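Given as C-alpha cells, the chain that follows is alone and in the form deposited in one PDB entry.
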C-alpha cells in the first residue's frame, strides 16, 4: 500500500458525500452499496453487511466516514488496476455484445448533460491502451 493519491482521495469523499441519502454523515447498507459502485466496487450482499458488522463498533449498523475512507482506500490501491478497467468495459456494454458501439457510447455521452475513429483499430483489448 502506497500514500493514496489526491485524485482518488477526492473520489472517496465524493462517494460518501454524494450518496448519504438521508444526509446523517453515516452510510448504512443501502447507501454503502451504492457508494461503492461509484468507486467501481460491487460486493456480494453478504460481504457488504460483513463490513458494516466489522466497523460498526458504534452499534446499530452504520458506517462512519473515517472507517469508510480507511477501507475503500486499501481496496482502490490493492485492486487489480485491470479489474478497474474490466468493470468500465462491462458498463459501456449495455446489450452485452462484447464490443462497444456508439449506441453504447453516445448512450454515455448523452447521459452526461466528433472523433469517432480517434482510438479505433477496426473490444476489451484496445481499451487498456487509453
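Just so we're on the same page, rigid core means the largest C-alpha set that superposes within 1.5 Å between forms. Residue numbers count along the first chain shown, from 1.
Missing here is the form deposited in another entry; even so, the following discussion is about that form.
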Of 85, 62, 43, 71, the residue whose C-alpha shifts by 2 Å or more between this form and the one not shown, after superposition on the rigid core, is 85
**Prompt:** Hey, does residue 30 budge by 2 Å or more at the Cα between this form and the one not shown once the core is superposed?
**Reply:** no
Q | CA of residue 107, rigid core aligned, shift of 2 Å or more between this form and the one not shown | A | yes
Review point. After a core superposition, would you say residue 18 shifts its C-alpha by at least 2 Å between this form and the one not shown?
Key: no
